[PDB]
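Remarks on the structure that follows.
No lab work stands behind these numbers, since they all come straight from the coordinates. Virtual Cβ from ideal backbone geometry, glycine too; neighbours counted across all protein chains shown.
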Amino acid sequence: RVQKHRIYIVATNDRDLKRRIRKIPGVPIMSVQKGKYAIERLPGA
Amino acid sequence: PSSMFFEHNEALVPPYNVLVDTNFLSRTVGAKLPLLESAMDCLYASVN
Amino acid sequence: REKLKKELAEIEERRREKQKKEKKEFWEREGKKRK
Amino acid sequence: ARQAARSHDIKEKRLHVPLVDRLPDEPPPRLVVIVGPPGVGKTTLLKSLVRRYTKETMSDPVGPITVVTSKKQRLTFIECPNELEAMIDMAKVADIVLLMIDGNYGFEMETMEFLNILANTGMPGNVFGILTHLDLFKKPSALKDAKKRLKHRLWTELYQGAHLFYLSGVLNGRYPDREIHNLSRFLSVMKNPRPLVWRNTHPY
Amino acid sequence: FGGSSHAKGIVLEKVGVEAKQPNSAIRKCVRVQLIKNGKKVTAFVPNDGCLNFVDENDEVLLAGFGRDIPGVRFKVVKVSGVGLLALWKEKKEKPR
Amino acid sequence: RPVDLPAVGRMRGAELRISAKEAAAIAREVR
Amino acid sequence: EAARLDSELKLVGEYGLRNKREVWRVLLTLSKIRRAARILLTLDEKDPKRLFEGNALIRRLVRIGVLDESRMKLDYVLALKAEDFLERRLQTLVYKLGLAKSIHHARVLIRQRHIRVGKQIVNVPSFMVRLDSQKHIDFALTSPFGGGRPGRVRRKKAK
RNA sequence: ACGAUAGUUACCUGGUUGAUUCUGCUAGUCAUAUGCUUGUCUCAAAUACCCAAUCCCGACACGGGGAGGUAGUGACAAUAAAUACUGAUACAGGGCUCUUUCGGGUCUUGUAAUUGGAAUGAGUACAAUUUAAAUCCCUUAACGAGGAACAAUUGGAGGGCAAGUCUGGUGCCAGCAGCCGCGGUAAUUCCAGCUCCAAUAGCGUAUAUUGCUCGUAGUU
RNA sequence: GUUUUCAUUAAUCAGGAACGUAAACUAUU
Ligand SMILES: Nc1nc2c(ncn2[C@@H]2O[C@H](COP(=O)(O)OP(=O)(O)OP(=O)(O)O)[C@@H](O)[C@H]2O)c(=O)[nH]1
Ligand SMILES: [Mg+2]
């Protein structure tokens, strides 16, 4: 889905899917970090 | 794809489309944490 | 192409170094568990 | 914890190499050179300092001038003439240095030459920049700009945060009394000279 | 060392001054003696031409070396109150 | 780990034990 | 990260900025405004706090010309962005009004004191021009594009 | 009414083991020391000048005041932003990219080329003004830009080089490297100013880091 | 088991009290 359209923010927490979606340019990764969420590769935030 | 300037996605502007995985969903219920409210408090923007 | 192959060989050297470091850290943790 | 960290940093700042003192119980007069380019007024500062200390108006002060400045310590002022042979002769001799800069004209090659001759030969304890000819100025914004740039270049030259005095006018042919009084406040109270190896082995 | 970030030292002897190859780490390493504690540790001068500014019996500041002899922990930062990279870049003269 | 378990205190069977600090920690968070 | 580097480079190129400190400055004030909008969306509708404070925030943004006069909801205040702020800067307004040929020409003009905003000349290119004051950007009277003296290279050449 | 009059109308299949494919291989400190750099404007953490304003004391309108106000330093922070803008012509044919690389993708890019325009604030500065007297501010006549300068820095990564030097060895190879070369210092004009990445009037480094049972006080 | 009685007497253990050649393959379910 993300490879086709690439408008999404992928919210995961497993490092396998995180490393899989870090290879493709321009999708942010949202993951919960025990107090709140944390967005990874979004430039505007 | 259009709206891609060298690994900078210009297609994502608010309201942010956020795909949710099962690991993220199980852990955001486990951490007593409301899903849309915490996503909006993280991004400071309206998510769908 | 030769410049790209040089930089790819450097990346593979770093990968082998980090693989050896993680292997020794894991087996240092396990060798205390089997002791 | 941070107090312990700062205490450890200062305790490491206090350290040096353990060199030998070789200072007697009745010490000789410490030697003050008055070094600068020609025409900057070294003889005028010599007249003004000896009038501050011993109240004697010298019309032509030459040679070393020994002067009692405290009950324990005393000084001697020697004005270096404008020759490089005398400057290289006295840079290995000087105990404290009064290094003169000519104000509006800026730095000179004789000043930079004596600074690096002194640094290569042996660095003494106290070198004081004395900046004169400030009255040859018309705009007091250009005055503080020249003071700032000369202070920063001197700080790059010898060390950061030195003492740079500003001697403004020439009233009675001598200097202003308050300016030379704070200059002598700085060069009157004193600390033991730095243990240089050449002066602590060879008798001069 | 100690509890501080930089230590001072006396350059006892430039070990490896007779090494052959120019940028050898044995050429770059220098045995110093720390003032506060008294022990002799070894430190890297950052460059072989920069070794010439380090003379014997000079007060030397040294810090950690964070990244051919793996395990020499310190590097010489200042020599006699003047920064060693400034001496190498010919910004300052060394007061002796 | 179980998802349904609440975050305040430990749970043993059907009995949930809250230490005296934890009920004070919630009263601190309210103020 | 490469996404942040390419985004900040697109901002610095598309609006003729000097470094990334100006980008981070605008992103900080935008995040402050957007945080205020999110805190006002926390409350329910028809609370008096949300009503009057959101009306104050929306009227402020419409008056400083960032938010469009069409859309006036707090969700669009959340949907605000740094491209809108850098568009409201003065230097891009000189480039878009066409007193200058490029954005770097506009920064050069504002630095060497040719344009004026209303009455007084403006020396700073990051002057946040409001919507009421957008129209009165023109060359000053002491500028050779405005009048007065023919200028410097003109004087050296005409001598 | 046709429908199991003893629900045995049950159980008669609990799923070893392997192959292949697709994934996976740190950042902040109001935290101390220290190194390099610093042109402009406000601003401020830390032996200067005067009673001119507000105030006080006296034979007393005048005499006298260590409150007060004025100025100077300052990369500890914090604020704004210079170090250039814009054309024409000539010439070259390549520039760029990647998953998949002796392969694919895209179409205008250059040059230490030749010339032309303007704009000018840092600084220099006549004045007048400000003020106890000065300074700053605001006004302001006159100068004030072509790089070899009115001279941007701090770090990191990488290529290219000798009749030079060193080390290893089953010739010519490899490694570390190389201010050091035959001559030559008023001699040389050379990668002529090597290429890329990051921050940019700021930036780096170091360290700290972020045996069982009974039984009492007690407890439920 | 009873066609038996007092109705909290109880639960837990700080302190204390009585009894005393070896090792070597491992609220329901
Ligand atoms: N305006 C002004 N004039 C000065 C100042 N200092 C010195 N002068 C004058 O400059 C002249 C130089 O005299 P000296 O000071 O004797 O020169 P010197 O270098 O000390 O003596 P030599 O080394 O013999 O020339 C004197 O006539 C002074 O009046 C100053 O600060 N301001
Ligand atoms: Mg003299």
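Quick notes on this structure:
- From helices alone, chain A scores -4000 deg cm²/dmol at 222 nm; the rule is -39500 (n - 2.57) for each run of n ≥ 4 DSSP H residues, then divide by the residue total.
- Assuming charge only on the beta carbon of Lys and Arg (+1) and of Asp and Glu (-1), the dipole of the range G:86-159 about its Cα centre is about 540 debye to the nearest 20.
- Amide H contacts of D:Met123 (H built 1.01 Å from N, under 5 Å, at least 5 apart or other chain): E:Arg96
- Spin-label proximity, D:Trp155 to the range D:90-134 - amide N less than 20 Å from point 7 Å beyond Cα toward beta carbon: D:99-104, D:106-108, D:112, D:115-116, D:126-132
- Debye intensity ratio in log₁₀ form over the Cα atoms of the protein assembly as shown, taken at each q of 0.12 Å⁻¹: -1.20
- Calculated SAXS-style log₁₀ I(q)/I(0) at q = 0.19 Å⁻¹ - the range D:154-204, Debye, Cα scatterers: -0.87
- Between the range D:137-204 and the range G:60-104, the alpha-carbon center distance in angstrom: 57 Å
- Each residue of the range D:1-60 gets 233 Å³ once the volume of the Cα convex hull is shared out per residue.
- Computed over chain A, the P(r) curve from all C-alpha pair distances, binned at 10 Å from the origin, holds 28, 59, 13, 1 percent per bin.
- Inter-chain neighbour count for A:30-42: the average number of beta-carbon atoms from partner chains within 10 Å of each residue's beta-carbon is 6.
- Debye intensity ratio in log₁₀ form over the Cα atoms of the range D:77-138, taken at each q of 0.14, 0.23, 0.24, 0.30 Å⁻¹: -0.41, -0.98, -1.05, -1.43
- Where labels lie 7 Å past Cα in the beta-carbon direction, separation of G:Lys159 and D:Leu136 in nm: 2.9 nm
- Backbone geometry of the range G:72-88 corresponds, through the Karplus equation with coefficients 6.51, -1.76 and 1.60 at θ = phi - 60°, to 3J(HN,Hα) couplings of 10, 10, 5, 5, 6, 4, 5, 7, 4, 7, 5, 5, 5, 5, 5, 5, 7 Hz, x marking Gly and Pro.
- Largest-first principal axis extents, alpha carbons of the range G:1-41, Å: 34, 20, 15
- Computed from point charges on the beta carbon alone (+1 for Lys and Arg, -1 for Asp and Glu), the dipole magnitude for chain E about its Cα centre is near 300 Debye.
- Inter-label distance, nm, simple model (7 Å from Cα along the C-beta direction), D:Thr201/B:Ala31: 6.9 nm
- According to the calculation over all Cα-Cα pairs in chain G, the P(r) per 5 Å bin from zero is 1, 8, 15, 17, 15, 13, 11, 8, 5, 3, 2, 1, 1, 0, 0 %.
- Taken along its three principal axes, the alpha carbon spread of the range D:1-126 comes to 61, 38, 26 Å, from the longest extent down to the shortest.
- Cα-centre dipole for the protein assembly as shown with unit charges at Cβ (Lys and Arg positive, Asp and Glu negative), debye to 20: 1780 debye
- Residue of G:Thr29, G:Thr42, G:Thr92 that the Gaussian network model of chain G assigns the largest fluctuation, springs spanning Cα pairs under 10 Å: G:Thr42
- Pair G:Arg71, G:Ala2: separation of 7 Å Cα→Cβ label points (nm): 3.1 nm
- The alpha-carbon positions of the range D:52-204 define a convex hull whose volume is 135 Å³ per residue.
- Cα centroid separation - the range A:1-25 against the range D:1-35, whole Å: 63 Å
- Counting other Cβ atoms within 10 Å as a rough exposure proxy, the listed residues D:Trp198, E:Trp88 run D:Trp198, E:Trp88 from fewest neighbours to most.
- Rounded to 10°, Cα long-axis angle of helix G:21-42 versus longest principal axis of chain G: 30 degrees
- Mean-square fluctuations from a GNM of chain G, with a 10 angstrom spring cutoff on Cα atoms, peak among G:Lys46, G:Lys73, G:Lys119 at G:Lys46.
- Loop sites in the range D:118-160: trypsin sites (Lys or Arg not before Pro), DSSP, at most 14 other Cβ within 10 Å: D:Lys138
- Computed over chain E, the ratio Rg/Rh where both radii use C-alpha atoms and Rh is Kirkwood: 0.93
- Unsatisfied cross-links (Cα-Cα over 28 Å) in the set D:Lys151/E:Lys36; C:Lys6/E:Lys89; E:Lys8/E:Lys28; D:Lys55/D:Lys144; A:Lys4/A:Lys34: D:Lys151/E:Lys36; C:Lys6/E:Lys89; D:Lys55/D:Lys144; A:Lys4/A:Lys34
- Grouping the Cα pair distances of the range G:64-115 into 10 Å bins from zero gives a pair-distance distribution of 25, 38, 24, 13, 0 percent in increasing distance order.
- Applied to the range G:108-118, the Karplus parametrisation 6.51 cos²θ - 1.76 cosθ + 1.60 on θ = phi - 60° returns per-residue 3J(HN,Hα) values of 5, 5, 5, 5, 9, 6, 9, 7, 9, 9, x Hz, with x for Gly and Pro.
- When the range D:119-200 is reduced to its Cα atoms, the Kirkwood hydrodynamic radius in Å: 14.9 Å
- Pairwise FRET efficiency - D:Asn182 versus D:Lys144, Cβ, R0 = 25 Å, nearest 0.05: 0.85
- Chain D, helix-only ellipticity at 222 nm - DSSP H runs n ≥ 4, -39,500 (n - 2.57), divided by all residues, nearest 500: -12000 deg cm²/dmol
- Farthest toward the positive end of the dipole of chain D, out of D:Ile117, D:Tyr166, D:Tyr105, is the Cα of D:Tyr166, where the dipole comes from beta carbon charges about the Cα centre.
- Global form of chain B, assessed from the alpha-carbon gyration tensor, a/c cut-off 1.5: prolate
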